[PDB]
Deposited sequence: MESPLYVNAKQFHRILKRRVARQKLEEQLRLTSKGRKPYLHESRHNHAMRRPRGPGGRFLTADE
């Protein structure tokens, strides 16, 4: 059981994704160091909600 319409394109994508892992060789808790810091630094209510300056 494989979708005959998608079979060839699935294996084309599997090889393509394998190249891209090899190339991008190097998910994270956060994406950006600057925004992570912003959120940690920011003032919060007692509930842990962010608020205005």
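Missing from the model, relative to the deposited sequence, are the stretches 1-5, 32-35, 63-64.
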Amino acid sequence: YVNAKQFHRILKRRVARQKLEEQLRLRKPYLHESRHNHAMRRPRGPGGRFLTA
From here on, numbers count along this sequence of modelled residues.
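Taking the mean C-alpha B-factor of each stretch as recorded, 43-51 and 3-11 are not equal, and the higher mean is that of 43-51.
Per the PDB record, residue ranking by Cα B-factor puts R17 in the lowest third of the chain.
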